[PDB]
Amino acid sequence: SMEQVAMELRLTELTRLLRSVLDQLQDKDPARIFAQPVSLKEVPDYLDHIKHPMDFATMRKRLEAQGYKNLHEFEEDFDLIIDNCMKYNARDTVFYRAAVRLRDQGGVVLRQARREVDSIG
């Protein structure tokens with residue numbers, strides 16, 4: 001139908017905007033600490049601690065399949081990256097500290113993303 005096409009164009013445009021959001025958030029991780037899944041070869045107990053791992057490569061795969069229906073779903077995954085790290089790693093670690101900085105700097109980007117999503121519809 002024409003409605004299904006219009007809905008698909010809306011999803012495509014959300015995907016475009018989320019891709020720009022993702023790039024901007026990933027720039028706030030210049031050490032690439034969150035770029036890839038935590039390796040289960042190198043951290044064999046990880047899944048005992050963290051039940052829903054996440055990382056920027058995994059979000060990008062989802063994004064490119066148009067698998068985010070709305071900004072809330074995308075933000076859920078970003079928050080998993082931060083929150084998983086802040087539980088697994090102690091406060092005094094470069095990993096924890098990177099997640100705090102990513103959260104703080106990402107807030108600004110996400111605040112405007114929400115306005116754009118609402119504004120453009």
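Residues numbered from 1 in each chain as written, not as in the entry; some residues may be left out. Heavy atoms only, no water. Residues with missing side-chain atoms left out of burial classes, pairs and counts.

If you check the header, you'll see the entry was determined by X-ray crystallography and the resolution is listed as 1.4300 Å.

Student: Break down the overall build of the chain for me, with residues and values.
Tutor: Regarding its fold elements, the chain presents 5 helices and 0 strands. Element order for the chain, N to C, with α for helix and β for strand: α-α-α-α-α. With respect to the principal axes defined by its C-alpha atoms, the chain has extents near 50 × 30 × 20 Å. Expressed as a percentage of contacts within the chain between residues at least 6 apart in sequence, the contacts between residues at least 24 apart total 64%. (Helix = DSSP H or I, 4+ residues; strand = E, 2+ residues; numbered from the N terminus. Contact = heavy atoms within 4.5 Å.)

Student: Which residues make up the packing of aromatic side chains, and what are the values?
Tutor: In this description, a pair of aromatic rings is defined by centroid distance and the angle of the planes. Taken as a whole, this structure holds 3 aromatic pairs when the rule is applied. With 5.2 Å between their ring centres and 70° between their planes, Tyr46 and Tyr88 make a pair best called edge-to-face. Placement of the pair is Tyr46 in helix α2 (residues 46-49) and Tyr88 in helix α4 (residues 71-88), with a sequence separation of 42 residues. Its relative accessible area of 30% is what places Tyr88 among the partly exposed residues. With 5.4 Å between their ring centres and 75° between their planes, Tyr68 and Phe74 make a pair best called edge-to-face. Across the pair, exposure class does not vary: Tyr68 and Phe74 are buried alike. (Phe/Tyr/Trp six-rings, centres within 6.5 Å; stacked < 30°, edge-to-face > 60°. Buried < 20%, exposed > 50% of the residue type's maximum accessible area, 1.4 Å probe, protein only.)

Student: With reference to specific residues and values, describe the layout of surface pockets.
Tutor: Put simply, the largest pocket is a space of about 400 Å³. Lining the largest pocket are 20 residues, and of these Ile33, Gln36, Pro37, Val38 and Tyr46 sit closest to its centre. Of the residues assigned to the lining of the largest pocket, the class counts are 14 nonpolar, 4 polar and 2 charged. (1 Å grid on protein atoms, 1.4 Å probe; cavity = no way out; pocket = protein on both sides within 12 Å on 5 of 7 lines; lining within 4 Å. Points joined across faces, edges and corners; volume = space filled by probe spheres on them. Nonpolar A, V, L, I, M, F, W, Y, C, P; charged D, E, K, R; others polar.)

Student: Run through the packing of helix α1 (residues 2-27) against helix α5 (residues 94-120), naming residues and quoting values.
Tutor: In contact at an axis separation of 10 Å, α1 and α5 are set at 160° when each is read in the N-to-C sense. It follows from the interaxial angle that α1 and α5 lie roughly antiparallel. Helix-helix and strand crossings are classified by hand; for α1 and α5 the assignment is right-handed. Residue-level contacts link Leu14, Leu17, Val21, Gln24 and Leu25 of α1 to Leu102, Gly106, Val109, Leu110, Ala113, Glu116 and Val117 of α5. A breakdown of the residues in the contact of α1 with α5 according to their chemical character gives 9 nonpolar, 2 polar and 1 charged. (Axes fitted to C-alpha atoms, helices over the stretch in contact; angles between N-to-C directions. Parallel < 35°, antiparallel > 145°, perpendicular 65-115°, else oblique. Left-handed = near helix turned anticlockwise from the far one by under 90°.)

Student: Break down α1 for me, with residues and values.
Tutor: Spanning 26 residues, α1 covers 38 Å between terminal C-alpha atoms, matching the ideal 38 Å at 1.5 Å per step. With a side-chain oxygen positioned 3.0 Å from the backbone nitrogen of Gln4, the residue opening α1 is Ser1. (Expected span 1.5 Å × (residues − 1). Polar contact = N/O pair within 3.5 Å; in protein donor to acceptor, adjacent residues only side chain to side chain.)

Student: Would you mind going over the pattern of salt bridges in detail, with residue names and values included?
Tutor: Scanning the model with the defined rule gives 6 salt bridges in all. For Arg19, the salt bridge identified is with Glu64, shortest N-O distance 2.7 Å. Remark: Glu64 occurs in helix α3 (residues 56-64) and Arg19 occurs in helix α1; sequence separation between them is 45 residues. A single salt-bridge network, built from bridges that share partners, covers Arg62, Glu73 and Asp77. (Salt bridge = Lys/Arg side-chain N within 4 Å of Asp/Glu carboxyl O.)

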